[PDB]
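**Q** For the sequence shown, the residue numbers in the entry's author numbering are 0 to 110, 133 to 713.
Have a look at this one.
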Amino acid sequence: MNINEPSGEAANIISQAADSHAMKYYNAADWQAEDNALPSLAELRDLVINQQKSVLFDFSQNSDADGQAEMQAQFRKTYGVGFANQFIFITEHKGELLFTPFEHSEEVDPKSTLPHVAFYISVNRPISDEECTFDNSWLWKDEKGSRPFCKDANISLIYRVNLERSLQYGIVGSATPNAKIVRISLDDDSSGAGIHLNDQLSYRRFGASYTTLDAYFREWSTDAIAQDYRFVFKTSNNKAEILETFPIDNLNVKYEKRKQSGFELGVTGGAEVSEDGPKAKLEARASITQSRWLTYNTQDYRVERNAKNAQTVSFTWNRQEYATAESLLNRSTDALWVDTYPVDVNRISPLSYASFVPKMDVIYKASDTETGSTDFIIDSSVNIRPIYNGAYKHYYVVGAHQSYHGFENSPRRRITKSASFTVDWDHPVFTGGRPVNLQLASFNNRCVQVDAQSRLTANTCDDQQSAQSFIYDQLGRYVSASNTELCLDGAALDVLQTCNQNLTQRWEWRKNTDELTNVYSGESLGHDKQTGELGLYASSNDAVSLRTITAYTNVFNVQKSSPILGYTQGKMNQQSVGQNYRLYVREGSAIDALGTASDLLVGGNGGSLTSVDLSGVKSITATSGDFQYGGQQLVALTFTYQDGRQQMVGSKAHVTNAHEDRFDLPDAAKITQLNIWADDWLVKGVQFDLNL
C-alpha cells in the first residue's frame, strides 16, 4: 500500500537511482493510516533477497517526536533493528538484509541451530575535492595556491551485525556466558570496498620567489596518504559492555595473518542433542562456536587497541614504517645544480593510499534480564596527510651544497563517517529459544496468531510472521515472539496475558501424540474446528479438535534443515539429491525404503516402488503411530505442493494412535541432502537439508 505522496527528496532518490526498475518506495507516515502499509518481514525479504529490489523507506514526512518514535518502533519491531535517519535503503548482501541509512539524496546519487538475527549496515562516504585540498606549499603556504591531494577518495564499508543470546553451558571453569550478545564485525566474507585515497602518488615542485643564500629554496609537496585509519565503537548507555574483541592485543607492522575469531555460545541444541526438537523446553544442551574470518596485512601500520571505558573500544591502524616525510627521503645532500625529486614513494605501501580493507570483531554483552534499548555507534575515519619536503642551501666560502628535509608539523585532515543503529533488548531472539508456532491440526494451514490488542485468532500460517511465533521457555510457558512480556494462558485463551508464575501458563506435551496439556487443570488445548477459538477440554467433542502441531519458524534465521521426521535408529545415511530432483521410495503398509536414486535405496527389500517429485513442494508431513508390527513407527510421508496437490507415500491404515509432524519448506529453497535412518526392514526417520 502507498497512501502518501513521495517527499521531494524521495522523488530525487528514485529518479537518480541507477536501476529505477528495481525501486520500491514506502512512506512511513502511511502506517498511521494503515498498519499493513509497511511490508511484512516475509514481503521485505521476498522483495529484497528473492527479487533483488532496492527498498527505500522514507521517514521525512512528519518530524513529530511522538510520531518519529512510533514509526521507528514499528520498523525496529518488524525488521529487528532501528535507525535515526530520514531515509533507509534496504538491499541484499550475502543472503541477508543490508541497511543503508542516510539523510540526503546526494549521499546515494550514483552520478545452524543458533537462533540469531543477522543483517548488514553499509556506509559510503565519498571524500570531495575540497576535503582533500591542501596548500601547495608548507614553507610558502600563502604564495603557491592549493590543489586536491587525493583523487576519487572514498570510504565504503559494510558492518556485519548479529543479535543473539548465549546460555550458560559447559564444565565448571570453561562454561559459556549467560548474556545477550550484539556482535559487530568487518570480516573477510562480507567486507565492503574499503578506503581509497589515490591510484598513485604525484607531487608538485616549488621554489622560493626570492634570492636565497642560507635558506630553504626548493620544496616538493607529495599527494596525501593515510597517517592513520581509525574505527571507534561506542554505545548510547551502559546497558552493554565490551566482552571480547579481535584484535585483542596490538598488532605489529608487517603482520600477515588470517585470524579465526571464534565466540562460544550455549544453545538449546539441534536435533543431535535435543530429540524432542520444537517440543523441547528452553534449556542449555550444547555449545557452538560462531567464527568470523579476519585477514590482516598491516605492512607499514601497527594496529593499536584502546578501550576508553567498558562501553568503548577503538582500533587505529597507525603509520609506523616510513611514518615521517623525512623518512621518505632517498637523498641527503647534493651540489646546488642538482634538481630532482628527493623522495622515494615506493617506500609507501599501497595500503596507505590505494586500497585498505579493515578487519575486526567486536562482541558486546548485556545482562540476561536487560530491558529497554541501546544505540550502537561506529565512527570510521581516515587521517589524510599531505607530504612536504624541502631543500636548504648552505654556502660556506668557496663551496656550497644543499640538504634535504621533511616537515612533520604540516596540516592533516580527518574525514569521519559515522553510523548508528538501535537494538531492543526485549527482542525475542535474546531469550535464547528457537521460535516455534502452534498449528491447529484440524485445519490444513491454520496457525495461532496474535493481533495488536493481544487477541488470539487462527490465520494462514506464515513462518516469518512474529505474531505466529512463540518461545517454549524453561517453565513450559509459550511466550509470544511479538511481545516477550505476554504468554499463552489457559485461564483466558482469548487474549495473551502477562507472563507470571501461575500454573495455568505452563504447558506439557503428551508423548507420541498431538496433544498439548495445561499444567494447572490437566486439560488439553483444543480449538474450534470452524472458528479456531482456543479452549481447555477434557476430551474432544463435535466442535473441538485436540490436535496441535508445532514446528520451527523462520522469524530470526531461515532454517536450513528440518527436524528429524520420525525416529533415529542405526546409522545415518546421507544421500544427495541429484539433478532429477526426485525421491525414490518403495512403499506398502509403511515406507520400506527411501532414496534419491533408483538404485540407491536404504531400508528393506519389500514394498512397491514409486517416485516423488520435489519440484513445487510446499511442506512435508510425517505420520507416525503404533504399527501393526511393533511400537512407534513412521508410516507415511505426505508431500503438499503449491498448487494444492498432495502425494502420500506409505500408509496410515495399519497404525493406531497416529500423530503428525509438519516441516514447511521456505520459499526459493532447494532440498539437497537427505539423512535417512532405517533398519533391514523399514525406514525409521528422515531429515531434509536445504540451500537458500
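Ideal Cβ positions, reconstructed from N, Cα and C, are used throughout, including at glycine.
#1: Quick one: grab the DSSP three-state call for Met22.
#2: From the beta carbon of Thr337, is the nearest beta carbon of chain B less than 8 angstroms away?
#3: Would you call the CB atoms of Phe684 and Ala502 closer than 8 angstroms?
#4: Within the region 319-359, note down every full alpha helix (DSSP H) run reaching 4 residues or more, in order along the chain.
#5: For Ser376 and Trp159, what's the separation of their Cα atoms in angstroms?
#6: Should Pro299 be labelled buried (16 or more other beta-carbon atoms within 10 Å of its own) or exposed?
#7: With distances taken between CB atoms, is the gap from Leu496 to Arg527 smaller than 8 angstroms?
#8: Does DSSP put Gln474 in a helix, in a strand, or in coil?
#9: Using a Cβ-Cβ cut-off of 8 angstroms (strictly less than) and excluding sequence neighbours within five positions of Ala462, which residues of its own chain qualify?
#10: Taking the DSSP output, what are the residues bridged to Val203?
#11: Inspect the CB distances between the region 364-376 and the region 436-454 and report whether three or more fall short of 8 angstroms.
#12: For the putative contact between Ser353 and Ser242, defined by C-beta atoms under 8 angstroms, what is the C-beta separation to the nearest angstrom?
#13: Can you tell me whether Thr534 is helix, strand or coil according to DSSP?
#14: On the CB-based measure, 16 or more other CB atoms within 10 Å of its CB, does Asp34 come out buried or exposed?
#15: Could you tell me the distance, in whole angstroms, from the CA atom of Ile641 to the CA atom of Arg186?
#16: Output yes or no for whether 8 angstroms exceeds the beta carbon distance between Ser308 and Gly287.
#17: Just how far apart, CA to CA, sit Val707 and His103?
#18: Hey, quick one: how far does the alpha helix (DSSP H) through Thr90 stretch, first residue to last?
#19: Leaving aside the five residues before and after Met593 along the sequence, list all residues of the same chain whose C-beta is less than 7 angstroms from its C-beta, in chain order.
#20: Could you tell me which of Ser149, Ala559, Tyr180, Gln189 sits nearest to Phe170, measuring between CA atoms?
#21: Could you work out which residue in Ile612, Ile436, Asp18, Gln590 is closest to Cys153 when comparing CA atoms only?
#22: Do you know how far the Cα of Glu95 is from the Cα of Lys581?
#23: Going by CA-CA distance only, name the one from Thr589, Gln590, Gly624 that's closest to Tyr605.
#24: Pick out whichever of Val294, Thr289, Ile269, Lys275 has its Cα sitting closest to the Cα of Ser282.
#25: Classify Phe82 as helix, strand or coil using the three-state DSSP reduction.
#26: Could you tell me whether the Cβ atoms of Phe56 and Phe86 are closer together than 8 angstroms?
#27: How far does the alpha helix (DSSP H) with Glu8 in it extend, from its first residue to its last?
#28: Going by the C-beta, is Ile148 closer than 7 angstroms to any heavy atom of the ligand MG?
**A** In brief:
#1: Against the sequence shown, residue 22 aligns to sequence position 23. Here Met22 sits in strand by DSSP.
#2: Within the model displayed, chain B is absent; a lone protein chain is all it includes.
#3: Position 663 of the sequence shown, counting from 1, holds the residue named residue 684. Position 481 of the sequence shown, counting from 1, holds the residue named residue 502. No, the pair does not count as a contact, with Cβ atoms beyond the cut-off.
#4: none
#5: Within the sequence shown, numbered from 1, the residue matching residue 376 stands at position 355. Within the sequence shown, numbered from 1, the residue matching residue 159 stands at position 138. Roughly 27 angstroms between the two C-alpha positions.
#6: Position 278 of the sequence shown, counted from the start, is the residue given in the question as residue 299. Buried, since its Cβ has 16 or more Cβ neighbours within 10 Å.
#7: Position 475 of the sequence shown, counting from 1, holds the residue named residue 496. Position 506 of the sequence shown, counting from 1, holds the residue named residue 527. Cβ atoms of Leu496 and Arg527: closer than 8 angstroms.
#8: For the purposes of this step, residue 474 is taken as the residue at position 453 of the sequence shown. It is coil, neither helix nor strand.
#9: Stepping through the sequence shown from its first residue, residue 462 is reached at position 441. Counting only Cβ-Cβ distances below 8 angstroms, and skipping sequence neighbours, we find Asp535, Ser566, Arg568, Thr569, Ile570, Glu681.
#10: Counting from 1 along the sequence shown, the entry for residue 203 is found at position 182. Answer by DSSP bridge pairing, in chain order: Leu184, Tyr385.
#11: no
#12: Here residue 353 refers to the residue found at position 332 when the sequence shown is read from its first residue. Here residue 242 refers to the residue found at position 221 when the sequence shown is read from its first residue. 20 angstroms between Cβ atoms; not a contact.
#13: In the sequence shown, counting from the first residue as 1, residue 534 sits at position 513. The answer is coil: DSSP assigns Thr534 none of H, G, I, E or B.
#14: As a position in the sequence shown, residue 34 is number 35, starting the count at 1. So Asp34 ends up on the exposed side.
#15: Within the sequence shown, the letter at position 620 stands for residue 641. Within the sequence shown, the letter at position 165 stands for residue 186. Between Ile641 and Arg186, the C-alpha separation is close to 30 angstroms.
#16: Looking up residue 308 in the sequence shown gives position 287. Looking up residue 287 in the sequence shown gives position 266. In contact: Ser308 and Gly287 (Cβ atoms closer than 8 angstroms).
#17: One-based indexing of the sequence shown puts residue 707 at position 686. One-based indexing of the sequence shown puts residue 103 at position 104. Using only the alpha carbons, I get a separation of about 53 angstroms.
#18: As a working note, residue 90 is residue 91 in the sequence shown. Premise fails: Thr90 lies in the beta strand (DSSP E), 86-92, not in any alpha helix (DSSP H).
#19: On the sequence shown, residue 593 is found 572 positions in, with the first residue counted as 1. Cβ within range, chain order: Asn696, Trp698.
#20: In the sequence shown, residue 170 corresponds to position 149, counting from 1. The shortest C-alpha separation from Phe170 is found at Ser149.
#21: To locate residue 153, count along the sequence shown from 1; it is residue 132. The shortest Cα separation from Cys153 among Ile612, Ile436, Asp18, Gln590 belongs to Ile436.
#22: Translated into positions along the sequence shown, residue 581 becomes position 560. Translated into positions along the sequence shown, residue 95 becomes position 96. So the alpha carbons of these two residues sit roughly 14 angstroms apart.
#23: The count along the sequence shown starts at 1 and reaches residue 605 at position 584. It is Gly624 whose Cα lies nearest to the Cα of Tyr605.
#24: Here residue 282 refers to the residue found at position 261 when the sequence shown is read from its first residue. It is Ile269.
#25: As a first step, residue 82 must be located in the sequence shown, where it is residue number 83. Residue state, collapsed to three classes: coil.
#26: To locate residue 56, count along the sequence shown from 1; it is residue 57. To locate residue 86, count along the sequence shown from 1; it is residue 87. Yes, they are a contact pair.
#27: Taking the first residue of the sequence shown as 1, we reach residue 8 at position 9. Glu8 -> alpha helix (DSSP H) spans 7-15.
#28: With respect to small molecules bound, the structure shown includes none, and the ligand MG cannot be examined in it.
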